[PDB]
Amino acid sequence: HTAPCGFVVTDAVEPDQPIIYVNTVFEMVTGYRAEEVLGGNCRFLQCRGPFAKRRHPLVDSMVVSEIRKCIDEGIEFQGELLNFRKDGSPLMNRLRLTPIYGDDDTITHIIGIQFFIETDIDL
């Protein structure tokens, strides 16, 4: 009895969607513990390991920019992009985002659902 996907919840009211919650599948597949990711953005998953300072070149710029647009416009998203576990191994992430609307027609949260998929790998 275990989830088929990663779940992530961000606070859409604070700036830049800080993570307030990740599920155990997120933790187990990416190798990052909740306690090291809370209060920050998920884009760290696009840098190869905890110490790369730049978005890795094999993650699709075009897809990343679609995420920005969708978040900006308060609409849902789905796409595939390269991520990396804490140990730097690559990881393919079939990601879906959906916003949660509060009373005032303002967004309180975004939900992230990650369907992880692995690869042939290099490096």
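Note that residue numbering follows the sequence shown and begins at 1.
- Checked against the record, the higher mean CA B factor of 98-106 and 7-15 lies with 98-106.
- Legend: mean Cα B-factor per stretch from the PDB entry, 58-66 versus 44-52; the higher mean is in 44-52.
- In this PDB entry, residue 73 carries a Cα temperature factor that places it within the middle third of its chain's modelled residues.
- Split the chain's modelled residues into thirds by C-alpha temperature factor. Residue 38 is in the lowest one.
- Among the modelled residues of its chain, residue 27 has a C-alpha B-factor that falls in the middle third, as given in the PDB entry.
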